[PDB]
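These notes are about the structure you will find just below.
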Amino acid sequence: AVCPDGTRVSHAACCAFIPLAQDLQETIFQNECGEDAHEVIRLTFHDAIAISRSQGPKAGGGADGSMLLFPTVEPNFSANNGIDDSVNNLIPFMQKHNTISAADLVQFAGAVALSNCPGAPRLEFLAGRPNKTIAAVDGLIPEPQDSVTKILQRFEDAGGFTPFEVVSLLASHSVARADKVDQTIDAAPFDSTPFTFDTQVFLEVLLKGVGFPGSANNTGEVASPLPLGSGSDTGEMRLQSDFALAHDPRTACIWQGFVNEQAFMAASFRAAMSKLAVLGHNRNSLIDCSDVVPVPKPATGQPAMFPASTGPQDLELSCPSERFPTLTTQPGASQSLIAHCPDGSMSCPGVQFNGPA
Ligand code: HEM
Ligand SMILES: *[C@@H]1O[C@H](CO)[C@@H](O[C@@H]2O[C@H](CO)[C@@H](O)[C@H](O)[C@H]2NC(C)=O)[C@H](O)[C@H]1NC(C)=O
Ligand SMILES: *[C@H]1O[C@H](CO)[C@@H](O)[C@H](O)[C@@H]1O
Ligand SMILES: [Ca+2]
Ligand SMILES: [Ca+2]
Ligand SMILES: [Ca+2]
Ligand code: NA
């Protein structure tokens with residue numbers, strides 16, 4: 001079909017997603033893999049994973065827009081602390097782009113956001129999820145203090161995910177920061193390149209922790225290998241769950257397998273997201289609108305590298321059967337600050353709408 005703007009696409013039903021992408025980019029992302037992009041990507045996961053095979057449909061409808069349609073319920077669960085900002089940012093689009101379901105909006109926005117992160121895959125995007133659902137129940141969202149057994153169980157119960165798929169999905173922590181885990185600091189990044197969809201998170205979680213970016217006593221957090229911060233350039237934070245996954249026998253080799261393997265990581269993330277984005281639905285009942293997902297920013301193609309102040313002697317390895325790759329180290333004796341802003345600065349306040357969540 002040919003859309004009003006003259007864009008030729010796969011199906012007429014995909015046309016409305018074009019101005020929605022444009023509005024999202026102009027209004028909240030500005031084509032950056034920044035704060036607002038990060039929060040929406042997190043929302044795609046919190047929306048989708050709230051489903052349970054064993055509990056039945058009454059527990060939650062998966063990728064169903066429930067966070068937007070019931071903004072006062074799930075966003076106030078403690079495991080959803082901080083999700084309100086992303087919900088409040090997407091609700092005005094739901095009201096404006098009113099031929100697109102809340103559920104479709106959430107998944108598509110996540111694909112758009114990810115496209116701004118150099119190295120990310122161009123996600124599959126199927127459309128047609130209904131605009132009516134129920135509020136999910138509490139306890140369906142994995143938490144950083146959770147054990148690996150509990151985490152893997154939750155993912156298997158939600159949609160049959162394998163441990164490979166689970167770790168694949170955690171490539172999103174390559175473009176992720178923490179605002180709620182520590183009450184004193186904000187935007188503590190999970191890797192030294194939170195604006196780049198690279199494999200640094202996999203490497204950096206395997207280094208010996210040497211301090212904390214904030215307090216040493218936060219639930220769900222463990223020591224960080226790069227805790228130095230200054231001004232708004234908060235130090236790296238390490239989640240207990242990421243650390244646990246990197247060292248548990250079930251997932252240690254998969255974790256290490258993404259180190260310095262960009263295309264493998266990206267391809268695996270795309271495959272897992274294909275499954276996550278249609279939880280609560282039969283994919284044979286959704287139309288393919290992948291062609292209206294923006295083309296992602298390409299990676300530079302550079303190998304993963306040890307950040308300054310770290311090196312191979314700092315590795316805590318847990319995969320007996322696979323050789324840890326030979327990597328270079330960025331020159332310098334002391335840790336480099338991790339920039340708060342995509343353009344290297346420390347001042348870049350994102351657009352935030354007030355709302356019901
Ligand atoms: C065992 C699984 C996981 C756990 C326990 C976990 C936990 C967390 C935690 C605690 C935060 C910090 C939130 C804050 O305090 O502001 C976070 C942020 C993030 N998560 Fe995860 N997560 C998991 C899986 C996922 C998955 C599967 C994705 C998406 C595909 C996702 C994407 C992100 C993003 C993008 C952020 C950054 C948000 C921002 O910087 O504003 N996470 N995660
Ligand atoms: C999906 O449901 C939401 C919530 O009922 C709808 O949102 C309303 O949209 C209209 C414009 O169409 C606004 O005037 C209302 O303020 C919105 N309500 C709320 C609670 O925000 C939305 O229109 C529906 N979308 C589709 C595709 O049917
Ligand atoms: C980042 O900054 C550190 C100093 O904090 C250097 O050691 C490194 O080489 C890079 O310039
Ligand atoms: Ca949901
Ligand atoms: Ca990164
Ligand atoms: Ca955030
Ligand atoms: Na709130």
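Be aware that the sequence shown starts at 1, since it is given in PDB author numbering, and climbs by one per residue.
For every residue, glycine included, the Cβ atom is placed at its ideal position computed from N, Cα and C.
Residue i - partner residues in DSSP beta bridges
i, result
"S224", "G211"
"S86", "Per DSSP, none; premise fails for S86."
"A188", "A178"
"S230", "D233"
"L123", "Answer is none; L123 lacks a bridge partner."
"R42", "DSSP output for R42 lists no bridge partner at all."
"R8", "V2"
heavy atom of ligand 4 below 7 Å from residue i C-beta
i, result
"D64", "yes"
"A50", "yes"
"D146", "no"
"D47", "yes"
"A79", "no"
"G128", "no"
"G110", "no"
"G56", "no"
First through last residue of the alpha helix (DSSP H) which encompasses residue i
i, result
"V201", "200-204"
"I51", "Run containing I51: none; DSSP gives neither H nor E here."
"residue 361", "There is no way to answer for residue 361, as the model of the chain reaches only from 1 to 357."
"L20", "17-24"
"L68", "66-69"
"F243", "240-247"
"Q107", "102-115"
"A252", "252-257"
Heavy atom of ligand 7 within 7 Å of residue i beta-carbon
i, result
"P75", "yes"
"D84", "yes"
"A357", "yes"
Residue i: CB within 7 Å of a non-hydrogen atom of ligand 5
i, result
"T184", "no"
"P194", "yes"
"residue 358", "This structure cannot speak to residue 358, because the chain is shown only from 1 to 357."
"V175", "yes"
"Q262", "no"
Any non-hydrogen atom of ligand 2 within 7 Å of residue i CB
i, result
"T44", "no"
"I91", "yes"
"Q95", "yes"
Residue i CB to nearest heavy atom of ligand 6 below 7 Å
i, result
"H11", "no"
"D179", "yes"
"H38", "yes"
"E35", "yes"
Heavy atom of ligand 1 within 7 Å of residue i beta-carbon
i, result
"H281", "no"
Residue i: CB within 7 Å of a non-hydrogen atom of ligand 3
i, result
"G332", "yes"
"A102", "no"
"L337", "yes"
"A308", "yes"
Give the list of continuous alpha helix (DSSP H) stretches no shorter than 4 residues that lie fully inside the segment 149-182. 163-169
Check whether the segment 304-323 touches the segment 133-151, taking contact to mean three or more Cβ pairs, one atom from each stretch, closer than 8 Å. no
Touching or not, the segment 335-351 and the segment 28-42, by the rule of three or more beta carbon pairs under 8 Å? yes
Could you name each continuous beta strand (DSSP E) segment of 3 residues or more that falls completely within the segment 278-346, going from the start of the chain to the end? none
How do the segment 167-177 and the segment 218-226 stand: do at least 3 beta-carbon pairs fall below 8 Å, yes or no? no
Are the segment 140-149 and the segment 48-67 touching, with three or more C-beta to C-beta distances below 8 Å? yes
Would you call the segment 93-104 in contact with the segment 22-32, where contact means no fewer than 3 C-beta pairs closer than 8 Å? yes
If contact is defined by three or more beta carbon pairs under 8 Å, each pair taking one atom from either stretch, is the segment 97-108 in contact with the segment 2-20? yes
Assess, as a yes-or-no matter, whether the segment 63-73 is touched by the segment 109-127 under the definition of 3 or more beta carbon pairs within less than 8 Å. no
Would the segment 281-293 count as touching the segment 115-123 if we require 3 or more Cβ pairs under 8 Å? yes
Given 8 Å, three or more beta-carbon pairs between the segment 200-213 and the segment 147-163: no
Count the C-beta pairs between the segment 262-278 and the segment 209-216 that are closer than 8 Å, then say yes if the count reaches three, no if not. no
So, do the segment 237-251 and the segment 174-188 have three or more beta carbon pairs nearer to each other than 8 Å? yes
Using 8 Å as the threshold, is the segment 72-90 in touch with the segment 317-330, meaning 3 or more CB pairs across them? no
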